[PDB]
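Okay, so here's the structure we're looking at.
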There are 4 protein chains.
Amino acid sequence: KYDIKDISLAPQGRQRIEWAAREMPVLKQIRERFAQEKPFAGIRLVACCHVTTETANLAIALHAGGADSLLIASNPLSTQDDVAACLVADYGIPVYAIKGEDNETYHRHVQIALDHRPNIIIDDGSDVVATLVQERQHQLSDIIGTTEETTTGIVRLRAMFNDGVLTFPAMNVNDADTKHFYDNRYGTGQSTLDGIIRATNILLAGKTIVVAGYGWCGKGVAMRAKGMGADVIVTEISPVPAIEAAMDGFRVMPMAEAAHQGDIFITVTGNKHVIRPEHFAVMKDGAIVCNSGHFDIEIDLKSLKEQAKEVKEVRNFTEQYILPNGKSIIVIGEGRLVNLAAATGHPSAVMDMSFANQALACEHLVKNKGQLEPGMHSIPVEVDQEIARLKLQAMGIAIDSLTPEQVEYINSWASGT
Amino acid sequence: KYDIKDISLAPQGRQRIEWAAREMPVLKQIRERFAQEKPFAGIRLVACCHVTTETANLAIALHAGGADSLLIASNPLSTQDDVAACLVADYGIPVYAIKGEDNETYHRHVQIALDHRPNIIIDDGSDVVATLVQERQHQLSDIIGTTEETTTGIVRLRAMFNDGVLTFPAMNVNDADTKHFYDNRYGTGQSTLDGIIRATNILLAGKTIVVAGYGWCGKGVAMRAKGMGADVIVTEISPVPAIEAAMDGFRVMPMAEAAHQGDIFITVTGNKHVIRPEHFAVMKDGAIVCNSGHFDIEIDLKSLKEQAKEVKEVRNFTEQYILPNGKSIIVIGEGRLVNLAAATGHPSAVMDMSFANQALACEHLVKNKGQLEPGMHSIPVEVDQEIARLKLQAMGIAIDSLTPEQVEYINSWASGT
Amino acid sequence: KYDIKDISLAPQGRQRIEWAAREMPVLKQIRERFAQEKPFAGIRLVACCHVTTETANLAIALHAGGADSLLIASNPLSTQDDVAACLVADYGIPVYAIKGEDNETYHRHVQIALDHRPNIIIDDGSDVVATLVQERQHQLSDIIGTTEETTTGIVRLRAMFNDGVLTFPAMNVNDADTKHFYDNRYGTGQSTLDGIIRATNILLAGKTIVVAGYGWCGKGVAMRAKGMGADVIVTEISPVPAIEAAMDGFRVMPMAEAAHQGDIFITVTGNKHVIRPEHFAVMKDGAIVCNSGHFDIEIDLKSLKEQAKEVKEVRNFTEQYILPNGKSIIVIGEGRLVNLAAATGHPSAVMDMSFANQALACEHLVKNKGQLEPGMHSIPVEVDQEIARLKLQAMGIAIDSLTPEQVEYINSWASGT
Amino acid sequence: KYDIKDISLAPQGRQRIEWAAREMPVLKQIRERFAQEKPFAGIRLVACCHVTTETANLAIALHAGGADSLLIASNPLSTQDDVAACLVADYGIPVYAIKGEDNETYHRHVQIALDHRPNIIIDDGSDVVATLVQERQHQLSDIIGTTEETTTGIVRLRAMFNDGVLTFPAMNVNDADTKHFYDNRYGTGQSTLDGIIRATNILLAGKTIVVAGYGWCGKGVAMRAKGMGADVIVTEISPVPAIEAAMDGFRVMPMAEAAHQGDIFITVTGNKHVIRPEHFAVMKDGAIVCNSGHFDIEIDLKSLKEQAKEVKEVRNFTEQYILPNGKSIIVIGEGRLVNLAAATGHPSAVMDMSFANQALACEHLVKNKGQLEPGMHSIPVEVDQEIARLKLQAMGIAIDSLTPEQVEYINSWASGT
Ligand SMILES: NC(=O)c1ccc[n+]([C@@H]2O[C@H](COP(=O)([O-])OP(=O)(O)OC[C@H]3O[C@@H](n4cnc5c(N)ncnc54)[C@H](O)[C@@H]3O)[C@@H](O)[C@H]2O)c1
Ligand SMILES: NC(=O)c1ccc[n+]([C@@H]2O[C@H](COP(=O)([O-])OP(=O)(O)OC[C@H]3O[C@@H](n4cnc5c(N)ncnc54)[C@H](O)[C@@H]3O)[C@@H](O)[C@H]2O)c1
Ligand SMILES: NC(=O)c1ccc[n+]([C@@H]2O[C@H](COP(=O)([O-])OP(=O)(O)OC[C@H]3O[C@@H](n4cnc5c(N)ncnc54)[C@H](O)[C@@H]3O)[C@@H](O)[C@H]2O)c1
Ligand SMILES: NC(=O)c1ccc[n+]([C@@H]2O[C@H](COP(=O)([O-])OP(=O)(O)OC[C@H]3O[C@@H](n4cnc5c(N)ncnc54)[C@H](O)[C@@H]3O)[C@@H](O)[C@H]2O)c1
Ligand SMILES: Nc1ncnc2c1ncn2[C@@H]1O[C@H](CO)[C@@H](O)[C@H]1O
Ligand SMILES: Nc1ncnc2c1ncn2[C@@H]1O[C@H](CO)[C@@H](O)[C@H]1O
Ligand SMILES: Nc1ncnc2c1ncn2[C@@H]1O[C@H](CO)[C@@H](O)[C@H]1O
Ligand SMILES: Nc1ncnc2c1ncn2[C@@H]1O[C@H](CO)[C@@H](O)[C@H]1O
Ligand SMILES: [Cl-]
Ligand SMILES: [Cl-]
Ligand SMILES: [Cl-]
Ligand SMILES: [Cl-]
Ligand SMILES: [Rb+]
Ligand SMILES: [Rb+]
Ligand SMILES: [Rb+]
Ligand SMILES: [Rb+]
Ligand SMILES: [Rb+]
Ligand SMILES: [Rb+]
């Protein structure tokens, strides 16, 4: 069966899935090869992803490859109910995902997914893989391998490995070049600001925007905030990215110093409680806080709730916390991934590459069944490079190639002066 | 002895060396530790570097550490004669380097350097190390290790390794994070445009500027060309950087298509004959070509000379090649590293980090004498990270550090939802 | 009476009106004074504006001042039905505005508005003023004066004046410094991209975006498109803005050349048939065209409809036209101003200044009745400057002030050598 | 006679003058017409300009037109001695200009220039016109008219007019669209940074740069500082440019707040004592201060000299002031316009338009002698626009032209619904 909001939304989901496919040409080619080669024939698969038009196109590709797939939501607020309905009604793919579902429903959906007895698990944040290892030790004989879509998930997998419980292959999709160089940076840079603006309609120009973290996501958010006319502050914990942010023209300072100055705060660290009650207490009246890291725990909303004398919903996706002194803190999307909670996530152009990696990583797991060491594996270089070749070609961009003499010069070392 | 232009220039060199030191605080701390610990006592050292105020401060640091050093020019056009004179007259460091010296003088200087019988060779482009391996097999028992400053040199060292002749440790200074993330990118981005403008006084705004290569240097040049108002075209041979350039807002195309459009061409590829006679023949009348890769071979100037009916020097560092149809091609700095030939190279702020790596790499070689495998070694992570910590501190920038609970969250994998 | 979609939407409208007011502090101050001084007591007023949360705050300020106002939509597609419901239900202000109303309904609303016998007309695009002068010459004795919000309307007023029929005072709100320096530039720059992204979810980075016109709006749209990673082409008819665009780093060319290259076309010229059938014929398959000028006539959609062999809606606000050769053209918002048709228009921060100018322009007409010549009048400098001073204060920015010594220097001509 | 440093520099001057002419095609066209029509036959002319390769091309165009010209320096530090030598030796044009001349020599040169009894005075900063009106009332019958190149001079002319002593026509060259939209913005933006970098070699990326003034010059300097990776602070006295700076992404604050934060200070206000002792007192150790306004009086250097306990030159164009508390302030170019004092001023591409305006303004004064009122006159629109059309053509850029149908639409007011 399935567990969705409204199956009558399927026609609208189909229209939007097909619209998104227009900028997923790499995944389309993979789908067309999968439909002939059937790499997943006889394989059961669980996907824990954001239920978007882009994930739909991925599920359609795995289905064309023969996968017996079950899809559940990676986050209660990111689900697109029309997409869920189209996958069920048009493709017969079980989806357990309702926008705005409560925590008990999420956890029940994880339990249903694990009862599918998957041979492959595609995860986004590593919730299902962690539950599998914790609660389903008897099922590990089913697992051919897993994949992980996002940075937070890769961190949890390293913790599982160092703890000694990562006893199967896990594909590091997030760290492929054609994943986090584009998705994490250019995707999050546009879609994060998109979610902020759809929720608040705020003018970004002239605002001070504090970006916590200057990794791939932070670089993208800061770059686009700057492009929209914001004054950008960056916080960090490591010196190499801090120097980069300064040489990119941004102010770098500790969060305790930024807290007095920011009009908008955006967390993209992967870590817990980056924005804290001692920061809330000194923020400007009306400061906006939101999160684009995988988990809402980057903002200590539990503490905010007890500092505040009152909380009100003042717009879709927008809560106003009023403190005893009468100042307000605005929270978007209850601290959930603001690009997916208040908008539609990354454009399909970058998910084409992220989800091409997902599809080919699953294929890599199956074709190497019984042959991979336990632990984390990076995406093979030749796969990563081929995705980039196909994407560049699909964008209509042509580049150069070395001549035979240029190749010879590379291998000569006596040639200098 | 020494071989320099004019030792009466020493006072001016000293003034300029001390000016440059103001933004080399990391190297100063290393120098002050070196002067007490004397890591290089009894060690002979050859440096093949650009003879600039920044290299001078490096040589002063090695001298304080006890090194018996001899300095020669990495390039005939990059030498600063006042610096050469100050090093000889004020520090007693033999310098063999005359701005504008001919090719025979360069090669004689290399021979003199190798007769110093160095135990350590600091190289920039790998000319001296290649000559050592080619011509001085009997001297290899002297070598404790070598270092290489630039990307072109790292490529030659890989070729030496694959050929089986890299029989000693070579430190990869260029690829340290605190080297090519800053020097290669932000340094070249500013200093390349600096050299173009000092040579030509051209307005960059409104010009089409073709950047060949989108590695660390190409990213920097394109970013600053854009910042100065230029329309930027990027050429490449690999899809991952080509997609980056497009998502950074630049036009990507093959050089044969760019050749018709560019007002200024800048090569930063590391490869041979990237700009070719078939490109010259279709360039706009008055197009400017220059090179910021280590070797002038990136532009096929030999072919340009035979296509042209006439060449004239029309300004300092500036040659006009007139073709039979009357169109002109402008070449800056005879195709040598335009930032160092027509200006003063990178700012000392980034060379602080590059040359801190050089100093600590030499120390690493000495303290591990007889203990390192032959071949290339990367800069130890703890060294690289400490340089970044000290530089950030010296720039007056403070950042955050994780709390104990944040560290615990990193190592928990069961914590999701 | 009134003519709206659904009065039950009033609670949501009220909430959204209050949210927008958070960044309209200058208009709030004006409303509070109007509440005390009642400058519009006994005055009947018609407003033809986009029926948005920002217009609602203006209407509430006019209401506080005693104006007997009637509001109609400036564009069938920009109306926010929840705003219309709140103005009727909560303030008792007659609104004639239904999102998506047909042309006959819009025209009927204009007739009903003129039947209100306004003393003041606030117009956005000059439709109501033109209908008054063409059809209601017998009502001109009612008119104290009118105001005009946008550049297209000013051009119409100019033609009326040159035609001898602008026989009453008309305030040029659009050309106030605190209107078109911010609204037209920074507001359109952000909200045009907002509309495009809400409609299509497209990644802007790496796309070629053609901006027709490099006036206040074109400068903002090109600036923000570039900030979002686009490759930007600008078209023009006048050399001064064309040179500016080039020195701002954009590619300038005739539309016939741009037509082959653009992925997205945005018209902001104020002129008719800037994109024509001969341009559609050479566009890439799937090129997107939209308009941010006041009237959709900037794109020759009538010819596109005749050219095309079929048209279908492929997403909300998004139509696909298929040409007889099978290539497709995507049109957003039926060519109506894409920021208001597919999103929510400008942020309230800039509309604060635009509509402060509207409020004080209406006050100016009433306070100076019988002392203003017929024809166009600019916003008094003292008013324009006070709006800027108050907005800068409300943004929390402090600046310097001239000293007596500096004033003396300005008035001194003999000094300086 | 003449008064120059060294006539033997003429060959180098000639070469550099010819090089600069490559991007002065509009002035070349004007010179060629002047050579034919001789508009200045019998006219005596004085030019007080920066003695640069660009001014030389203007002087050559006036010479071609028959003008009996005499040229003196506009600033003791901007003079290019090789240019002065070429104008004397090759063209026989009297030049009174020595780079680094003292104040008494500058004043003597102004007296010699007025002794030429000019009919036309071209001024840059209005010193010669002010000296004429103060000291040479008996010569006013000589004057056909004057021109003024820069914003400071316009302000002086305004004060003269308000004082009743501007009794002849004076052409406002600075405020022509093709002058201050490009020269003041794009030229100053690039050449100010050029001067700073030539003097100091400092890395701009990661520095905090304070720009005083957000007019045409301030907009350009802030834009290019940001493009080079700086963190940019803007100071102002008027709210309209202050809001613009904020929405352009810069931090706006009073100079007293900026004084603690800046690494580099750049004054472009046109006003006196913008940086004062109370600012020097709180600057970072080693802060750099420079001026790109016409007169050095924007920085209170006289007070700094009194405050300081010592001063020394630490590099070409670079002085270190040491305060009694041991902190140091670095001054570039003795506070004289840093683009011309430490580099070569604007690129010839923008001076092409500025000096085309100068040439045609002088022609306008002669052709309209006896028909111009005393007081200031703007450049005729037709002249301003033709300069733009010719420059855009010479840049190789093509744009569109209105059709008959579009013209009809502009003049139609009844249409649009
Ligand atoms: N919302 C989206 O669509 C989306 C897309 C990709 C990734 N993500 C998430 O975004 C987060 C960041 O991912 P990434 O790829 O940028 O990771 P990354 O590893 O490249 O960068 C994270 C950066 O944050 C810094 N940081 C860590 N703790 C910090 C703290 N307390 N304060 C300040 N800086 C701190 C780190 O030093 C590092 O530079 C992850 O949770 C990832 O799963 C979200
Ligand atoms: N002048 C300076 O001060 C300075 C500073 C640092 C490095 N360098 C030199 O600059 C060069 C580039 O170094 P880097 O660190 O950027 O290297 P890199 O390895 O990071 O990047 C080089 C890039 O050029 C591309 N490329 C190679 N051949 C090409 C071709 N024929 N056409 C187009 N693109 C091509 C490669 O794909 C790669 O992306 C080297 O020669 C290096 O030694 C100079
Ligand atoms: N959607 C919005 O919210 C919004 C906001 C403000 C203004 N507007 C509208 O935007 C339009 C432009 O306003 P503006 O203030 O930028 O006007 P403007 O007068 O400042 O600029 C218009 C520019 O377009 C150029 N142009 C004219 N015809 C052209 C053509 N055929 N091709 C190319 N360039 C051409 C002109 O040379 C000029 O530079 C008007 O219709 C105005 O009412 C819309
Ligand atoms: N060096 C060059 O090559 C060059 C080129 C053009 C102009 N200039 C000079 O630059 C100066 C500025 O010219 P412009 O065209 O930009 O003038 P402008 O009138 O366009 O702008 C001056 C700006 O400075 C602001 N301002 C005035 N006093 C101030 C103060 N005390 N603090 C902060 N801001 C203040 C004004 O509000 C205004 O916005 C003039 O002296 C002009 O002659 C120099
Ligand atoms: N449109 C989208 N559809 C599906 N997943 C998305 C979308 N946007 C972002 N994501 C993914 O969500 C992850 C964060 O949980 C990111 O790693 C990213 O790949
Ligand atoms: N100012 C400078 N002094 C010394 N070396 C430099 C300077 N600028 C650039 N370089 C170095 O020259 C190398 C290229 O040969 C680069 O790797 C870079 O580190
Ligand atoms: N949010 C908005 N509310 C009302 N009017 C708007 C809004 N956004 C843009 N406009 C106005 O619409 C006009 C174009 O019809 C512009 O002049 C602008 O002032
Ligand atoms: N290269 C140059 N040659 C001559 N005048 C210049 C140059 N650069 C700037 N100026 C002028 O100097 C004036 C300031 O004194 C500016 O108005 C500008 O037009
Ligand atoms: Cl494939
Ligand atoms: Cl150390
Ligand atoms: Cl008021
Ligand atoms: Cl002419
Ligand atoms: Rb080689
Ligand atoms: Rb965790
Ligand atoms: Rb049709
Ligand atoms: Rb003065
Ligand atoms: Rb003193
Ligand atoms: Rb019209």
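Letters go in sequence order (proteins before strands), and every chain restarts at 1. Start at 1 and go down the list; that is how both ligands and their atoms are numbered.
When every heavy atom of B/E149 is checked against every heavy atom of B/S354, the shortest pair comes out as OE2-CB, 3.7 Å. Closest approach of C/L203 and A/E23 over heavy atoms only: N-OE2, 4.5 Å. What you find for B/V173 and B/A361 is that their closest heavy atoms are CG2-CB, 3.9 Å.
Summarising the contacts of atom 18 (C) of ligand 6 with B/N75, B/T151, B/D183, the nearest heavy atom is found in B/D183. Of the listed residues (B/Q80, B/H294, B/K179), the one carrying the non-hydrogen atom nearest atom 15 (O) of ligand 6 is B/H294. The heavy atom nearest to atom 2 (C) of ligand 5, out of those in A/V83, A/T52, A/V51, is found in A/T52.
Evaluation of the side chain to side chain contact (heavy atoms under 4.5 Å, CB included) rule for B/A56 yields B/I17, B/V83, B/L87 as partners, not counting sequence neighbours. The ring-ring contact (aromatic ring centres under 6.0 Å, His included) test applied to B/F181 returns B/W216, not counting sequence neighbours.
The proximity of A/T150 to ligand 5, defined as any non-hydrogen pair under 4.0 Å, involves the side chain as well as the backbone. Residue A/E54 touches ligand 5 through its side chain alone, judged by heavy-atom distances below 4.0 Å. Under 4.0 Å from ligand 5, the heavy atoms of A/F355 that appear belong solely to its side chain.
Between the A/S191 side chain and the A/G187 main chain, a donor and an acceptor come within less than 3.5 Å of each other.
Within ligand 5, counting atoms from 1 as listed, the ones closer than 4.0 Å to a heavy atom of A/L337 are 14 (C), 15 (O). Listed by number with element, the atoms of ligand 5 under 4.0 Å from a non-hydrogen atom of A/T344 are 1 (N). Atoms of ligand 6 found under 4.0 Å from any heavy atom of B/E149, numbered from 1 in the order shown, are 17 (O), 18 (C), 19 (O). Near B/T55, with a cut-off below 4.0 Å to any heavy atom, the atoms of ligand 6 are 4 (C).
Below 3.5 Å of separation, one finds no N or O of B/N174 facing any N or O of ligand 6. Close N/O approach between A/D124 and ligand 5 is found [any backbone or side-chain N/O within under 3.5 Å].
Contact between B/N184 and ligand 6 is absent, with no heavy atom of the residue lying under 4.0 Å from the ligand. For B/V350, the heavy-atom gap to ligand 6 stays at 4.0 angstrom or more.
For the side chain to side chain contact (heavy atoms under 4.5 Å, CB included) criterion with A/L71, the lone passing option out of A/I122, A/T55, A/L62 is A/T55. When the options A/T188, A/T267, A/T192 are evaluated for a side-chain hydrogen bond (donor to acceptor under 3.5 Å, both in side chains) with A/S292, the one that passes is A/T192.
When hydrogens are left out, the protein atom nearest atom 8 (N) of ligand 6 is B/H346 N, 3.0 Å; that is the closest non-hydrogen contact. Nearest protein heavy-atom neighbour of atom 12 (O) of ligand 5: A/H50 CD2, 3.1 Å. Among all protein heavy atoms, the one lying closest to atom 6 (C) of ligand 6 is B/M351 CE, 3.6 Å.
Between B/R156 and B/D127 there is a salt bridge, with a side-chain nitrogen of the basic residue lying less than 4.0 Å from a carboxylate oxygen of the acidic one.
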